[PDB]
Amino acid sequence: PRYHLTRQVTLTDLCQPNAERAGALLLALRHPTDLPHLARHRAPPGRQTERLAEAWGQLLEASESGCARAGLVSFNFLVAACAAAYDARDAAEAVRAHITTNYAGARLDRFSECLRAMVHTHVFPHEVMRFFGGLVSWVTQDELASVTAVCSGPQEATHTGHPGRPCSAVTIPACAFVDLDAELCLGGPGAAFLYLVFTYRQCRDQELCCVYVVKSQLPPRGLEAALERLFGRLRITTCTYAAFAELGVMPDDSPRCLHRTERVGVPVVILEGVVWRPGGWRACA
Amino acid sequence: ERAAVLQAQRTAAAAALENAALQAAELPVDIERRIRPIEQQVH
Amino acid sequence: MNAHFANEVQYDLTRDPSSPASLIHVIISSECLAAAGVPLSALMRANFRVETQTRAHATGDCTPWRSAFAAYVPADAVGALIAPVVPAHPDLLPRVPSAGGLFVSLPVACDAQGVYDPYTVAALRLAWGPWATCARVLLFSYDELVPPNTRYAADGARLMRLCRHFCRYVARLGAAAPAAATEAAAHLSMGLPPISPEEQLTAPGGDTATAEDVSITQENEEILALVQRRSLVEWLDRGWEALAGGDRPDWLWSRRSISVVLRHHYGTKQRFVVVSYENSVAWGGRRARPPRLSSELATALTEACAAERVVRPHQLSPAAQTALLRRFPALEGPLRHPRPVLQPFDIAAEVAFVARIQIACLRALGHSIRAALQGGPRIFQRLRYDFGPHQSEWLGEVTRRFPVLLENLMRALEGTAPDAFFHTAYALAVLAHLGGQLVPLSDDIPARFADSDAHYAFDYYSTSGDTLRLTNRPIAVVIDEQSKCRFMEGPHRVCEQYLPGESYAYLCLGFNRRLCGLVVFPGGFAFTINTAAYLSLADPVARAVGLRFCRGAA
Amino acid sequence: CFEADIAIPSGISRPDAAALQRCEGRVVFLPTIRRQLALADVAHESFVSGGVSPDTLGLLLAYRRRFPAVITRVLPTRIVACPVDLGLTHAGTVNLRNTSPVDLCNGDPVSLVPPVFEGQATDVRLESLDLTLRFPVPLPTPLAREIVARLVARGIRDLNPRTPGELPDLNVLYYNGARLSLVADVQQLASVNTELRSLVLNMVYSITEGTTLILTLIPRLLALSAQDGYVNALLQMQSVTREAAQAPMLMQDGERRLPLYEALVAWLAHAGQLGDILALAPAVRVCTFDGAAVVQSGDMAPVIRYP
């Protein structure tokens with residue numbers, strides 16, 4: 001009802017929202033203790049399915065589940081772990097100088113191996129680490145976590161201005177200037193429509209991983225042909241690359257920004273006021 | 001009508017020179033490998 | 001590069017059963033187009049359509065026009081395959097420049113257990129636009145096109161220079177190379193000047209079966225001995241996958257075996273290139289389906305005429321004729337036909353096929369001009385153009401000026417080349433009538449020329465000064481005692497704005513699908529000519545004419 | 001609603017102001033999200049591309065990259081439109097006008113189709129503001145998916161002639177009765193070609209390795225034909241399935257990948273999505289509060305969200 005709260009209790013083995021900002025684009029870790037099984041399934045047999053059986057098992061080595069399940073994945077944890085992967089180096093790698101000095105690359109180095117291992121046996125990282133929200137409160141303990149980081153529509157980025165009279169809260173960073181892909185340089189007035197695309201390269205760049213947000217005034221039917229155009233990573237043949245879901249609407253193109261100040265100087269984009277339509281994924285081609 | 005044909009056959013015979021000259025580009029070539037590494041065996 | 005590759009996807013056609021074929025990569029350079037009559041500026045303005053058809057030498061029909069591909073790139077066209085250009089790294093391979101032209105591979109008619117037929121011509125056509133003025137025609141026989149073997153021996157020096165230039169690029173640039181490129185360099189230094197692509201043509205080395213060249217070396221280095229007593233190519237992929245960032249199947253065969261053979265053109269003394277890769281399903285590839293070519297007709301009719309010293313094989317001995325016919329049975333055409341419409345055993349047999357049509361129409365013109373102008377004529381007029389009072393004294397000259405023109409029109413009709421005659425209106429109006437005894441080529445004919453007989457189609461010659469043609473386009477003017485003129489519906493030519501016979505210094509000359517033509521003079525003074533009473537074109541002669549000059553409309 | 005307005009820009013033909021009154025509940029394709037916008041991008045002159053007007057397959061591609069909007073309230077100054085793509089958050093269920101010869105159902109998904117009917121052109125003309133208006137025809141979605149397959153295949157017959165001139169027209173439709181004839185006037189090629197290629201390229205990926213084992217059971221299909229009712233009615237007479245009847249190809253690597261289960265996945269990925277990649281997305285659903293089971297031609301049906 002244009003105001004909501006959500007809560008999930010996890011570890012600070014992941015994100016450590018005390019080390020994060022007020023605004024972070026958190027993922028969950030849905031199906032967290034999963035993927036020894038789907039490592040074996042869904043893949044052609046020339047993939048040697050005994051890889052992800054150890055790969056995530058080295059992740060939780062860096063992080064026993066207990067009663068606090070592994071979840072609440074940060075936005076930072078994918079950018080820096082794919083910083084060596086995608087076509088941005090020493091600028092996407094500044095996100096690694098953000099994590100290891102505030103969060104830890106010990107958990108990144110096990111997971112950057114997963115980013116070559118999950119995509120190896122066709123266990124693609126879409127529909128795992130589902131969207132959760134914008135890190136409203138961080139009522140976490142010392143080594144444990146209790147976060148309210150509301151899902152559920154536009155209210156996450158409305159309930160940002162009301163709590164603090166001075167300046168603005170959250171205000172939804174992009175966490176890398178390489179991220180927030182400036183699509184539609186053919187510029188005009190309107191509202192922004194935000195999406196979460198994982199662009200792949202399968203056996204060319206040896207199972208590439210990518211996390212960035214697009215910028216478009218485009219419908220979901222005007223986004224799939226926009227997903228066929230503008231890419232140079234078509235050179236594959238397996239298949240089902242470039243999944244995407246809706247991060248929702250920023251109902252203003254006027255409030256985007258260009259900064260390099262956060263929390264290590266990391267480039268960052270302020271985005272004020274967002275209808276967080278949670279959307280749905282699609283991956284076929 | 002003859003003068004076009006009598007030219008086009010002549011242009012063919014002008015081209016058949018370097019069709020054959022580049023085909024005769026092995027006559028000082030096909031002899032070195034069949035003589036030179038055989039005489040130091042005799043040595 | 002890819003125009004050689006995408007035509008192989010049309011060679012991947014296969015499916016429904018038909019006479020089995022091949023494919024030859026042929027690189028025409030700049031002056032072989034320029035001496036042909038191809039404007040190099042207009043094709044420089046990369047995928048481009050080429051209409052191709054193939055023609056036998058002795059007898060028979062032709063192929064319909066096949067839509068093909070092209071890649072016209074002004075560069076070192078030999079050196080661009082050999083030293084390609086990464087967008088980030090154009091100095092990956094510095095080279096020596098050369099001439100350049102269009103990249104077009106061309107298919108080959110064969111047999112079951114293919115014995116290719118020399119003297120038989122595949123005809124190219126470059127279409128700048130629709131018009132016949134935007135068209136040229138090229139001639140290529142298989143004697144011109146097919147070498148017996150290629151020269152992949154020149155590919156041996158090239159590939160290890162590639163590994164040294166991956167050893168050269170990282171050492172110059174240093175730490176600016178990324179993590180996948182700083183590995184694959186030194187993995188090519190543990191495996192052992194510019195690259196001139198023209199030396200791969202001019203160094204005398206080619207292909208050999210080499211089984212005779214192993215026994216000639218095994219019995220050579222045993223004399224010697226009796227007296228005495230992952231590869232580098234896989235590191236080339238990461239050499240490209242780090243410097244480019246992708247696979248690029250265009251560049252994938254620049255790493256494999258490349259033969260670059262020089263040949264020559266029998267029409268204008270020119271040179272061109274015969275290319276075969278390793279992984280090409282085309283001819284000379286090392287992944288190719290049998291049947292392949294056989295150089296047997298190029299050795300039978302030669303040596304039976306060379307050992308017998310028979311200079312022309314119609315002077316071949318009667319047993320020496322039929323014994324070749326007992327060997328190769330497709331030669332009954334060029335040896336035992338009474339009047340073949342294509343001339344047997346000549347180089348310009350396709351050219352002499354054309355020049356007859358240039359002749360036979362001029363007599364159909366020249367004895368028809370005499371027909372309507374037998375004696376003193378009465379022509380009175382056919383159009384409606386009114387005079388001013390002193391304007392009649394201009395026609396006082398046209399009385400005196402008149403008879404020198406009709407020589408010089410026919411002199412200019414002689415004076416054109418027949419290759420330049422087929423772009424004019426009379427050479428296509430007959431094709432609109434020989435298709436009526438089928439849509440002729442370049443589609444210069446409008447949609448409404450085939451409706452009435454009142455749709456004529458003009459050419460325009462200069463009356464005064466020199467008697468010269470003043471058009472590119474056949475200008476089709478619909479004509480209604482009297483009848484006033486009317487145009488049709490619709491890069492800038494001067495004379496194309498007026499009605500026929502409307503003004504001075506213009507001779508107007510129109511023709512029909514009925515092939516009853518007009519000769520329109522300024523002032524309405526015009527008259528029909530029954531050239532249909534003088535066109536003597538035999539249909540079996542004309543049926544090889546139309547099929548080379550018609551287009552099957554969809 | 002997240003209110004969006006379109007003003008009355010310049011002048012009024014005095015009966016044509018009443019023509020905007022009887023368009024309440026129709027759909028405007030405005031290619032933006034604005035707080036105010038001119039009426040110039042609204043009409044079909046904006047639907048016309050550079051030099052040429054789209055065909056009824058190109059208008060599908062023209063209705064692809066624009067945004068539908070619902071006429072909510074009609075002022076003499078403005079027209080308030082609600083942005084369907086975002087502002088469908090209506091528990092008041094903002095109302096639409098059915099302009100279609102079919103009496104629908106209750107509970108149909110409703111997708112929008114360009115006017116292609118023989119007698120429901122929806123042509124209203126403004127001469128003070130020189131504009132032409134084609135309203136889309138809201139229809140039920142299986143009947144909508146029965147139309148778009150016809151019009152592309154009719155343009156598939158625009159590529160190849162070959163056959164004699166008596167072709168099956170693809171111009172007789174069937175809903176419980178109700179013989180419908182549509183318009184076949186012009187077929188632009190690029191609207192056919194790009195629609196044909198995605199019909200080709202998706203049907204490529206929808207075949208996989210384990211798909212091939214299913215092809216063996218094609219003679220098994222006709223064994224059920226002469227021994228039941230359901231199968232024999234399922235097997236169409238104008239089908240290639242009755243025509244093709246007149247094998248593992250072992251290649252077995254590993255055999256623990258579930259090859260038959262993996263076949264039905266990627267087939268559903270692309271051949272399962274063939275109505276929505278060719279046509280517009282359905283987001284309108286029939287929902288009447290009074291218990292009325294059907295909605296008459298010309299009525300004002302209440303409209304709820306995505307199906």
# chains A, B, ... in the order shown; residues from 1 in each chain; ligands from 1
>>> residues_around(residues="residue 39 in chain B", least_positions_apart="6", cutoff="12 Å", atoms="only C-alpha atoms", output="MDAnalysis selection string")
(chainID B and resid 32:33) or (chainID C and resid 220:221 223:224)
>>> write_last_selection(atoms="C-alpha atoms", output="PDB file, in the first residue's frame")
ATOM      1  CA  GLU B  32      68.868 -27.377 -57.708  1.00  0.00           C
ATOM      2  CA  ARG B  33      67.157 -29.778 -55.285  1.00  0.00           C
TER       3      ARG B  33
ATOM      4  CA  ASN C 220      69.795 -38.843 -50.000  1.00  0.00           C
ATOM      5  CA  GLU C 221      70.219 -38.537 -46.232  1.00  0.00           C
ATOM      6  CA  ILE C 223      74.384 -41.771 -47.407  1.00  0.00           C
ATOM      7  CA  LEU C 224      75.122 -39.219 -44.818  1.00  0.00           C
TER       8      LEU C 224
END
>>> select_by_dssp(residues="range 16-139 of chain D", states="strand (DSSP E)", output="number ranges by chain")
D: 27-30, 36-37, 67-74, 78-83, 96-97, 109-113, 123-126, 131-134, 137-139
>>> write_last_selection(atoms="N, CA and C atoms", output="short mmCIF file (atom, residue, chain, number, x, y, z; two decimals), in the first residue's frame")
data_model
loop_
_atom_site.label_atom_id
_atom_site.label_comp_id
_atom_site.auth_asym_id
_atom_site.auth_seq_id
_atom_site.Cartn_x
_atom_site.Cartn_y
_atom_site.Cartn_z
N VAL D 27 -8.07 3.66 -27.12
CA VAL D 27 -6.64 3.53 -26.83
C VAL D 27 -5.86 4.50 -27.72
N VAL D 28 -4.97 5.27 -27.09
CA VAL D 28 -4.01 6.12 -27.78
C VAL D 28 -2.62 5.54 -27.60
N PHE D 29 -1.91 5.38 -28.72
CA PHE D 29 -0.51 5.00 -28.71
C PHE D 29 0.32 6.28 -28.71
N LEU D 30 0.85 6.64 -27.54
CA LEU D 30 1.76 7.76 -27.39
C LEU D 30 3.15 7.24 -27.03
N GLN D 36 2.66 16.30 -20.11
CA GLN D 36 1.91 16.99 -21.15
C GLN D 36 2.56 16.67 -22.49
N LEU D 37 1.75 16.53 -23.54
CA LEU D 37 2.26 16.20 -24.86
C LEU D 37 1.28 16.70 -25.91
N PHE D 67 3.60 3.22 -26.78
CA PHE D 67 2.99 2.92 -25.49
C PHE D 67 1.49 3.15 -25.57
N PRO D 68 0.66 2.13 -25.32
CA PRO D 68 -0.80 2.35 -25.31
C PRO D 68 -1.22 3.17 -24.10
N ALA D 69 -2.34 3.88 -24.24
CA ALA D 69 -2.87 4.70 -23.15
C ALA D 69 -4.38 4.70 -23.21
N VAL D 70 -5.03 4.72 -22.04
CA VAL D 70 -6.48 4.63 -21.93
C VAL D 70 -7.07 6.03 -21.81
N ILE D 71 -8.05 6.34 -22.67
CA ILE D 71 -8.82 7.57 -22.46
C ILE D 71 -9.62 7.44 -21.18
N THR D 72 -9.37 8.34 -20.24
CA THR D 72 -10.04 8.32 -18.94
C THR D 72 -11.16 9.35 -18.87
N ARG D 73 -10.84 10.62 -19.09
CA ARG D 73 -11.82 11.69 -19.03
C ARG D 73 -11.51 12.69 -20.13
N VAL D 74 -12.56 13.22 -20.74
CA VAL D 74 -12.43 14.08 -21.91
C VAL D 74 -12.86 15.49 -21.52
N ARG D 78 -8.12 19.36 -22.31
CA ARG D 78 -7.15 18.27 -22.34
C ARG D 78 -7.87 16.94 -22.49
N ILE D 79 -7.07 15.88 -22.61
CA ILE D 79 -7.54 14.50 -22.52
C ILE D 79 -6.58 13.75 -21.62
N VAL D 80 -7.09 13.24 -20.50
CA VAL D 80 -6.27 12.60 -19.49
C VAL D 80 -6.13 11.13 -19.85
N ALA D 81 -4.90 10.68 -20.04
CA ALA D 81 -4.63 9.31 -20.44
C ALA D 81 -3.83 8.62 -19.36
N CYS D 82 -4.09 7.33 -19.15
CA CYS D 82 -3.45 6.61 -18.06
C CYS D 82 -2.45 5.63 -18.66
N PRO D 83 -1.18 5.70 -18.27
CA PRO D 83 -0.12 4.93 -18.95
C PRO D 83 -0.12 3.44 -18.64
N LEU D 96 -12.65 0.73 -20.37
CA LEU D 96 -12.25 0.71 -21.77
C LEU D 96 -13.50 0.59 -22.62
N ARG D 97 -13.38 0.88 -23.91
CA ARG D 97 -14.50 0.71 -24.83
C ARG D 97 -14.19 -0.41 -25.82
N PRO D 109 -8.25 -12.67 -21.60
CA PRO D 109 -7.19 -11.69 -21.85
C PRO D 109 -7.50 -10.95 -23.14
N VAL D 110 -7.16 -9.66 -23.16
CA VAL D 110 -7.48 -8.78 -24.28
C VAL D 110 -6.19 -8.15 -24.76
N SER D 111 -5.85 -8.40 -26.02
CA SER D 111 -4.72 -7.75 -26.66
C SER D 111 -5.21 -6.90 -27.81
N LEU D 112 -4.40 -5.93 -28.19
CA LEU D 112 -4.80 -4.93 -29.16
C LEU D 112 -4.26 -5.27 -30.54
N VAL D 113 -5.12 -5.09 -31.54
CA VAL D 113 -4.82 -5.41 -32.94
C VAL D 113 -5.17 -4.17 -33.75
N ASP D 123 -12.27 4.67 -38.56
CA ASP D 123 -11.72 5.88 -39.15
C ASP D 123 -12.56 7.09 -38.75
N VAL D 124 -11.98 7.95 -37.92
CA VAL D 124 -12.56 9.25 -37.59
C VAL D 124 -11.57 10.32 -38.06
N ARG D 125 -12.09 11.36 -38.69
CA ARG D 125 -11.26 12.34 -39.38
C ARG D 125 -11.40 13.72 -38.76
N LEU D 126 -10.27 14.38 -38.58
CA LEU D 126 -10.20 15.75 -38.09
C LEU D 126 -9.64 16.60 -39.22
N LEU D 131 -5.50 15.37 -39.27
CA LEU D 131 -5.01 14.12 -38.71
C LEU D 131 -6.00 13.00 -39.03
N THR D 132 -5.47 11.78 -39.12
CA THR D 132 -6.24 10.57 -39.34
C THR D 132 -6.07 9.65 -38.14
N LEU D 133 -7.16 9.03 -37.71
CA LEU D 133 -7.15 8.26 -36.47
C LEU D 133 -7.60 6.83 -36.75
N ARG D 134 -6.72 5.87 -36.47
CA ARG D 134 -7.06 4.46 -36.48
C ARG D 134 -7.03 3.94 -35.04
N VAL D 137 -8.36 -2.39 -32.34
CA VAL D 137 -9.54 -3.20 -32.08
C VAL D 137 -9.21 -4.15 -30.93
N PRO D 138 -9.75 -3.95 -29.74
CA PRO D 138 -9.53 -4.92 -28.67
C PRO D 138 -10.30 -6.21 -28.93
N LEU D 139 -9.60 -7.33 -28.79
CA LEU D 139 -10.11 -8.64 -29.13
C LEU D 139 -9.69 -9.66 -28.07
#
>>> closest_residue(among="C:479, C:529, C:541, C:349", to="chain B", atoms="only C-alpha atoms")
C:349
>>> atom_distance(atom1="CA of residue 13 in chain A", atom2="CA of residue 146 in chain A")
12.3 Å
>>> residues_around(residues="range 277-289 of chain C", least_positions_apart="5", cutoff="6 Å", atoms="only C-alpha atoms", output="list in words")
residues 22, 23, 24, 257 and 258 of chain C
>>> write_last_selection(atoms="C-alpha atoms", output="PDB file, in the first residue's frame")
ATOM      1  CA  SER C  22      32.729 -26.426 -57.181  1.00  0.00           C
ATOM      2  CA  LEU C  23      33.673 -22.886 -56.148  1.00  0.00           C
ATOM      3  CA  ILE C  24      36.762 -20.796 -56.980  1.00  0.00           C
ATOM      4  CA  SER C 257      46.592 -22.759 -44.693  1.00  0.00           C
ATOM      5  CA  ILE C 258      46.340 -19.997 -47.306  1.00  0.00           C
TER       6      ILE C 258
END
>>> residues_around(residues="residue 96 in chain A", least_positions_apart="3", cutoff="6 Å", atoms="only C-alpha atoms", output="ChimeraX atom specification")
/A:80,93,99
>>> interface_residues(of="chain D", to="chain A", cutoff="9 Å", atoms="only C-alpha atoms", output="MDAnalysis selection string")
chainID D and resid 32:35 64:67 85:86 202 205 253:259 262 266 269:270 276:277 280:281
>>> decode(residues="range 280-311 of chain C", atoms="N, CA and C atoms", output="mmCIF file, in the first residue's frame")
data_model
loop_
_atom_site.group_PDB
_atom_site.id
_atom_site.type_symbol
_atom_site.label_atom_id
_atom_site.label_comp_id
_atom_site.auth_asym_id
_atom_site.auth_seq_id
_atom_site.Cartn_x
_atom_site.Cartn_y
_atom_site.Cartn_z
ATOM 1 N N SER C 280 38.100 -24.508 -46.622
ATOM 2 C CA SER C 280 37.083 -24.119 -47.590
ATOM 3 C C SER C 280 36.500 -25.364 -48.240
ATOM 4 N N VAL C 281 35.170 -25.381 -48.373
ATOM 5 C CA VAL C 281 34.488 -26.420 -49.140
ATOM 6 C C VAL C 281 34.620 -26.108 -50.633
ATOM 7 N N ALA C 282 35.072 -24.898 -50.947
ATOM 8 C CA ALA C 282 35.412 -24.458 -52.292
ATOM 9 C C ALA C 282 36.623 -25.230 -52.835
ATOM 10 N N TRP C 283 36.971 -24.956 -54.097
ATOM 11 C CA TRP C 283 38.070 -25.648 -54.762
ATOM 12 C C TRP C 283 39.410 -25.298 -54.127
ATOM 13 N N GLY C 284 40.279 -26.303 -54.023
ATOM 14 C CA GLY C 284 41.568 -26.157 -53.397
ATOM 15 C C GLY C 284 41.545 -26.228 -51.886
ATOM 16 N N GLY C 285 40.363 -26.313 -51.286
ATOM 17 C CA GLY C 285 40.286 -26.528 -49.860
ATOM 18 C C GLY C 285 40.683 -27.940 -49.488
ATOM 19 N N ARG C 286 41.163 -28.082 -48.255
ATOM 20 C CA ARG C 286 41.510 -29.395 -47.731
ATOM 21 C C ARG C 286 40.377 -29.990 -46.904
ATOM 22 N N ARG C 287 39.185 -29.404 -46.986
ATOM 23 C CA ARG C 287 37.927 -30.008 -46.558
ATOM 24 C C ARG C 287 36.944 -29.850 -47.718
ATOM 25 N N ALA C 288 36.976 -30.795 -48.654
ATOM 26 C CA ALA C 288 36.150 -30.698 -49.848
ATOM 27 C C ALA C 288 35.602 -32.060 -50.251
ATOM 28 N N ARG C 289 34.352 -32.046 -50.737
ATOM 29 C CA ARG C 289 33.591 -33.206 -51.172
ATOM 30 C C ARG C 289 33.954 -33.587 -52.597
ATOM 31 N N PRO C 290 34.245 -34.862 -52.854
ATOM 32 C CA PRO C 290 34.345 -35.321 -54.236
ATOM 33 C C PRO C 290 32.970 -35.350 -54.884
ATOM 34 N N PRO C 291 32.892 -35.224 -56.221
ATOM 35 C CA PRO C 291 33.932 -35.112 -57.257
ATOM 36 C C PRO C 291 34.587 -33.738 -57.391
ATOM 37 N N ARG C 292 35.857 -33.736 -57.782
ATOM 38 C CA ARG C 292 36.605 -32.515 -58.030
ATOM 39 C C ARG C 292 36.970 -32.420 -59.514
ATOM 40 N N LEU C 293 37.771 -31.408 -59.851
ATOM 41 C CA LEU C 293 38.072 -31.077 -61.241
ATOM 42 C C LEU C 293 39.046 -32.080 -61.853
ATOM 43 N N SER C 294 39.038 -32.176 -63.182
ATOM 44 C CA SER C 294 40.012 -32.969 -63.920
ATOM 45 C C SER C 294 40.533 -32.182 -65.111
ATOM 46 N N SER C 295 41.850 -31.978 -65.152
ATOM 47 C CA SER C 295 42.500 -31.262 -66.253
ATOM 48 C C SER C 295 42.805 -32.217 -67.410
ATOM 49 N N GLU C 296 41.730 -32.774 -67.970
ATOM 50 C CA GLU C 296 41.862 -33.789 -69.007
ATOM 51 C C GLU C 296 41.521 -33.244 -70.389
ATOM 52 N N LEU C 297 40.451 -32.446 -70.493
ATOM 53 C CA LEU C 297 40.132 -31.769 -71.750
ATOM 54 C C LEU C 297 41.204 -30.747 -72.106
ATOM 55 N N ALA C 298 41.839 -30.158 -71.089
ATOM 56 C CA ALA C 298 42.949 -29.235 -71.298
ATOM 57 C C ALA C 298 44.252 -29.949 -71.633
ATOM 58 N N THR C 299 44.227 -31.276 -71.752
ATOM 59 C CA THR C 299 45.411 -32.015 -72.154
ATOM 60 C C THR C 299 45.109 -32.891 -73.371
ATOM 61 N N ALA C 300 43.839 -33.267 -73.556
ATOM 62 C CA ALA C 300 43.476 -34.126 -74.681
ATOM 63 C C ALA C 300 43.499 -33.365 -76.000
ATOM 64 N N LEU C 301 42.640 -32.348 -76.142
ATOM 65 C CA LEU C 301 42.540 -31.590 -77.388
ATOM 66 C C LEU C 301 43.783 -30.764 -77.680
ATOM 67 N N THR C 302 44.573 -30.436 -76.662
ATOM 68 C CA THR C 302 45.861 -29.799 -76.894
ATOM 69 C C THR C 302 46.873 -30.769 -77.490
ATOM 70 N N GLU C 303 47.181 -31.863 -76.777
ATOM 71 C CA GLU C 303 48.268 -32.749 -77.188
ATOM 72 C C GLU C 303 47.918 -33.564 -78.422
ATOM 73 N N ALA C 304 46.634 -33.835 -78.659
ATOM 74 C CA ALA C 304 46.262 -34.463 -79.921
ATOM 75 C C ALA C 304 46.389 -33.486 -81.079
ATOM 76 N N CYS C 305 46.401 -32.189 -80.786
ATOM 77 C CA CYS C 305 46.681 -31.177 -81.786
ATOM 78 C C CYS C 305 48.098 -30.624 -81.682
ATOM 79 N N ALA C 306 48.815 -30.910 -80.588
ATOM 80 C CA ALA C 306 50.198 -30.451 -80.462
ATOM 81 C C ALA C 306 51.199 -31.485 -80.955
ATOM 82 N N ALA C 307 50.984 -32.765 -80.649
ATOM 83 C CA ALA C 307 51.848 -33.799 -81.199
ATOM 84 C C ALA C 307 51.596 -34.017 -82.683
ATOM 85 N N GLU C 308 50.367 -33.787 -83.147
ATOM 86 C CA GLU C 308 50.042 -33.833 -84.565
ATOM 87 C C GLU C 308 50.295 -32.507 -85.262
ATOM 88 N N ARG C 309 50.646 -31.462 -84.495
ATOM 89 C CA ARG C 309 50.865 -30.091 -84.976
ATOM 90 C C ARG C 309 49.654 -29.539 -85.725
ATOM 91 N N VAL C 310 48.464 -29.941 -85.294
ATOM 92 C CA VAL C 310 47.212 -29.449 -85.853
ATOM 93 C C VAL C 310 46.932 -28.098 -85.215
ATOM 94 N N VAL C 311 47.047 -27.033 -86.006
ATOM 95 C CA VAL C 311 46.965 -25.694 -85.432
ATOM 96 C C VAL C 311 45.523 -25.342 -85.051
#
